[PDB]
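Both blocks below hold the same protein chain, though in two forms, and each is given as structure tokens: structure 1 and structure 2.
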Structure 1
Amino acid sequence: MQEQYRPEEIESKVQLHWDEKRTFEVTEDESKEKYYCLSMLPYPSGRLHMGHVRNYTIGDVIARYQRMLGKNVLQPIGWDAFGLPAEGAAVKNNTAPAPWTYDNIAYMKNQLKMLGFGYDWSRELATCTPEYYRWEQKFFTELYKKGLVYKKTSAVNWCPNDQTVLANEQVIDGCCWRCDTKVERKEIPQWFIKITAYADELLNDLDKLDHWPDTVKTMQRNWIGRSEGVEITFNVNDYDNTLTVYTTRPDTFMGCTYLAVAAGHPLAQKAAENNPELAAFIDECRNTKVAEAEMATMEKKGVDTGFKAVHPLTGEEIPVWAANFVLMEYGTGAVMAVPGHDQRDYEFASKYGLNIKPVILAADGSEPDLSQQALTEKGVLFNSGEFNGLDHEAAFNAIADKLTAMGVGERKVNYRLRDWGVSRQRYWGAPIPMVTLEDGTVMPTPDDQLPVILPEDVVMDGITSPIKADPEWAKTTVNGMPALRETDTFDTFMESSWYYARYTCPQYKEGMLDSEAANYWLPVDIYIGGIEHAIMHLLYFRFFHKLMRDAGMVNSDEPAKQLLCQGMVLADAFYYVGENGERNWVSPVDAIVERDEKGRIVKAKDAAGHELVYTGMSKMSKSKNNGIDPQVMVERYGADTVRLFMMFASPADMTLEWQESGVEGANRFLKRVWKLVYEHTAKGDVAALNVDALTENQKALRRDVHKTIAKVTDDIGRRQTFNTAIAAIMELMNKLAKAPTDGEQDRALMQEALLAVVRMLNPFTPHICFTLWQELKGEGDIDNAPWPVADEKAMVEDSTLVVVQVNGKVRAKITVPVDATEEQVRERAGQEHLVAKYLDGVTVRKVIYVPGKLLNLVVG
């Protein structure tokens, strides 16, 4: 043990030891109690940034802690390797997506090894290899056989010249991000998984996930959006087809004053033939973007169809309009408007002078005031013929029933959740195992032909995908005839939905999952990833686990017992617009900034001389180039400093705006820990401790040690407030540095304390603690050392602190034997001259005593 702490002479040594003894490689040991601690797997984007560091440090803190409690901990790592970025990056780099990705993986792997996360590298997976995606192919063909898969027309973003489909990240400020041509809606048939067949189960089972946070549970209920209502069918005067709408407010029906139909609805197309105002508005509607966001800010717009639908309870002709907020693709392409009682309908009717009819009374039973806005609150009905007078429940049921009677309405459960579109028309993904025969029939790729392998050795022109460009690739023979395979590939969420199960058995060749293995490990005891994955990934992940359950491959109902969503690590983001309108994101450390009197950024240049557009803080990521790589710091300070500082910044679940200021604190603290063990072990082996011979100064200090163990255990294991854990450990280190380490008792006691501190820091700063555990001569490798237990008999307190308030203002603090009555505390409180000062002239009207904590004398 060198006096000075040189992490560079330590971290790599300890890292080689973990690779040689395979410390973190585990099996299905049934003699041990398992713990599966899983962190959401990285997309191999290029480099790690502090967002990954945060996520993976949290997971490793939990993994090592659980291992010290004596459990068999899987903590696996892999690469969620398909996706969009590799395509653009390939072109920009005169490469192909496959090798760019494998190098990215080689690199990030090395970065992860150098932060010393105790992964089971024997179970590493890469989702872009056929050894992986073959099973999702097979699986998807089983889903099609069970009737959970179908094809429908779906709106996509489409640069009409390049004739290529764009993701929404790629459409910008109107136009595309390549060139000056405007994106367009295009309806393209695509493959869908009926996640809506599992909607109720997904909704209901949220009430069983008592160790998931409510943020995520609510976000998911509201996303599923279950609803009971009615579907009403209308006839239309000079049109031989019916219209169907769905409403949750059948009670407001008699106030339906118009219908809206989608730009692409057949009726609007028929009408647009003879109406050039309508036709121009429909052609206008192709530029409506595919995205709830921009779809809901847009000005609401419409044209009258000229057609007139018959209200089936009043027999009153009501106009049908075409409107830019009703989409053929989601629902029946028609809605009914009740402007008196739906705010969006009010605003449309206000704009285009449509009749706004009130049919629901206010809470006190007079007619509502509709001059400024729709009345949305449920109420008694008037203006509603035979339904007048009924309350909300009643009117719902009578209108529903009348409507059923007539045979034009029906009750219906309905969800905001839509089925899951898994077709992409991009190269870099798992191919979808369907086939079209010469016939024209469609079926699954048969089993003798799985996996359908994506070729890796390609040249990419940007424009097309090479599996569509070469028409020989799609050629095959099925049922003894020429057949063509599908050249669309899977949504890369498909691979991130079952990886947690494959990590249990990654080299099993006989099928998707070794169920013995999978059931030993599952369910995941803790799942750690970003709050960004609240809905999408986490819904598909649960949906998929259920589908595997229904296939009989896993016993659990839910995949993950506890979920821990970390906050996002944020960074400023900047760009300049290039020569042909390409956005060029610049990194914060290249950006020269002049700043507000309040701290907000006012101007910004790069070194080369470009006015940057400042976009604010946002998640670190390669997309916007605002990632800070940890690699520089690790080589300056050590992995243990970077790790400690991340966990000390802020609590795991809070979103953190990254800053560099603060690392020295972490580095200096580690030098003090090092210096303390060094000075203590340099002096030799220690006497056995004599618990009950201690000075009172020693009893006090042994109490703070044991109280720290209790708090840190709770902070890591139950609260996951790592910052407070670390803070409690610093406090203690501060007292330990002031304790004289001189007689044998002091030295025995410092040994206990230090053995405990070192073990407690271990999950956070394992390289330094592995080393220090050897200088203190602890048993074996710290990686398997037992986690420390607080001795209750050391933590007994004799006295406690009471705050004395007077009308709620603190006037003193007093120590008072724990065993103290209210009468005792008043008296003592009375002795304080500053309390006395505020009791003269006045009377004690009331007294509040919170046992052992606070006295408040309420005073006139």
Structure 2
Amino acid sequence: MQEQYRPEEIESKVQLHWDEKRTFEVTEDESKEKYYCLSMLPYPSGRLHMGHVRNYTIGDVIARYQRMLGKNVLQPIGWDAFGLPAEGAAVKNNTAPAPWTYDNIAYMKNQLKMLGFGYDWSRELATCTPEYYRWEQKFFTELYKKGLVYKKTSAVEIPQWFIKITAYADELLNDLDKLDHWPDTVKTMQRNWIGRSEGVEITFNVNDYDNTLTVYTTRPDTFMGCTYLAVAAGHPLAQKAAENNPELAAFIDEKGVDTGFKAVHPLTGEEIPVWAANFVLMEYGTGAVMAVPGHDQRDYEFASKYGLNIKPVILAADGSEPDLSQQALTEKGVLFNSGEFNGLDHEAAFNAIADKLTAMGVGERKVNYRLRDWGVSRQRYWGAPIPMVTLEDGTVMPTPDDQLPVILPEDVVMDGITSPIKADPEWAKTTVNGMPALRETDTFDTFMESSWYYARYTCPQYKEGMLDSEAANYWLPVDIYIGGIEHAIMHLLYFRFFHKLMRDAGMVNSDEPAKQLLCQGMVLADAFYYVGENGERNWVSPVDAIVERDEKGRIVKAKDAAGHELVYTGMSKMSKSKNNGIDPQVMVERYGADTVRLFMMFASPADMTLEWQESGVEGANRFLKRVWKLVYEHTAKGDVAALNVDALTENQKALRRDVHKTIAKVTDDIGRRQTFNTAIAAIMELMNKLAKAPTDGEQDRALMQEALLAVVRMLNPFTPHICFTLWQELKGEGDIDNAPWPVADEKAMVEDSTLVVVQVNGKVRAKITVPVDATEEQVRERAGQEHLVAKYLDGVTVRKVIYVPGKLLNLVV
């Protein structure tokens, strides 16, 4: 064994062994319990950033741990390879999107291998390849035949293809209650985004107008407080009046403008004015609202700006008429100033007033949803072509199966204005049923590829369909999905929906794609800036800052190499703007992958923010050098005898108890609690003890052998290169990757003594060690033999005692 730990001499050799032996390649083995650990696949942007390293380190810890528990673990990797960034870069360089993408994949693939993530590389997918995207083209035609896809002109104004996600709204909503192992914050975000609401549609007659006008409200209980109506800019009434009204005609093309039209409030008989307003969405509900400025903030502002009546109809929480001098009272409450409805509380008032309007035939209950259909068309080159075609006679139909995939041409030259498949008017020309035809030139929203990759991983070379259901149903649902909270209302909603569409096409037999979602925290770093003589802030990398600390270590002044004085702004999100990014490649090359992985798992709980500190990375590196050292010194003395567990000293028994208690804690921390920082802390604390243990007698050496074999396994999911090597040095059986996770020996953990905390009136006065089965009377006796306790008992009376067996004695005195 080498005396020096040299990650450069170890990491690449171990990594080649994983490739040569295909260690992490797995099949659908029905004799093993499966575990599917998935991390969100990266965009091939150029290089890994620290958030990738944290995300993928967390998955790999879990994947390697679950393998050591004896599960059959799938951990796949791939590339979300279409999208805008490659078009930018093709343009800026001499190039095309494809070759730039493929070069970035190679480079980042190598980075991921250098970090030693145990991926099933045989299942690696790049989404920009036709062997991948053909299936989303085929599935899209299937969706179209099922009635779930349509074309419409909208604005986000050009024609677009839409998938009917609103047909699954109620299921996407209901199923949130099955996702106990998703964070509440993500579930709340999706609930709010889907935005189901229960309201009322209300119709008014309008003076001098051939039609009625209808609004949607979730607050019909405030209807007697309605002093005006507001319509969206592009509303047919708003448009009708704008014909004989310059001001309004002027406004539609851009706050509000009086239509001049008067609506008849149907409960009070009063005429109220109809405005056109910019806060009223033509797309949601009817594109018109009944304005209640006393009780909706937005209506409150509009009324104020135009001097419209503000009428109070809801009492304050304490029963008092509200102060609307400042703002709306939005709190639901008891009605007043509302005729027959006065005194009714919210729920009663909602239903009373809905019932009346329904009976009068001017309103009705209505469920609306904020969720819109999913616009999947993009006027961009670097994406999967939409498999639709237009015949000469005008009929739009799917691309015929015998012309799928519709291949995006990769050898193109970009001009930066127009898509090459759009600029070359020959590309669109095709033949269907003899009759000539035009194929769609738009490409899919890139969220298309990421919405099903997690399923394709289960059968990545299957040629007979998007999925081989037997394989998909073996692996799915994903057991844990790791990726950031920022995907909550886009990818994390789309992948739920696409799972359900695949279920309903018969391809999978489960309702939800992932059991647990773990959202890892952001990685932060110190940020500094100086003010140039031009008054501009120039941000200086903490890498490049020279701080100087006070007597206790607080930063109290700082400069760059150029002598500029720096203001310290604390820890912040890594970015280009603040100049505080840390390149993970530099740190892997400086310290080795194992150091980097360990620091990132150690520094903070996975779901909390992580503060990068090079001094912590250095600390992680030193710890690994201490582990290396202990194993070097122990293995230098050769083979060990069998441990004799019955003849151990009390000191030996305590160290062994510490080894096994550590096994139990680290097990519970990694597997149940998912607190990896405290797992590592427990291993460090044990390692400190082990470094102080004798190692000359045969028994001391057998005990050390057992401890080190346990420690190297426990560290392995974090630092697998060093551990792979240390295990061989210890003469552990086979490769560490398939060694069993240590299980704590209950006999080793039995205590023969226990520590009792002796309090006198609630305040600690001693801590005594007694035989483990000492009785309450014996503990008491012992407690009063302690001068430190007795001096608080001197000439005073014990009123009672509290005893928690083997733990605590409190003398109340």
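Along the sequence of structure 1, residues get numbers from 1 upward. Rigid core (definition): largest C-alpha set, two forms, superposition within 1.5 Å.
Compared between the two structures on the core, the listed residues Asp369, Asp557, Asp457, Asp200 keep their C-alpha shifts below 2 Å, save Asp369. Here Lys683 does not count as shifted, since its C-alpha moves by less than 2 Å between the two structures after the core is aligned.
For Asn72, a C-alpha deviation below 2 angstroms is recorded between the two structures after rigid-core alignment. For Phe764, a C-alpha deviation below 2 angstroms is recorded between the two structures after rigid-core alignment. Comparison between the two structures places the CA of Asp401 3.4 angstrom away from its other position, after core fitting. Note on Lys619: its Cα is shifted 5.4 Å between the two structures, core used for superposition. Look at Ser39: with the core superposed, its C-alpha moves 0.7 Å between the two structures.
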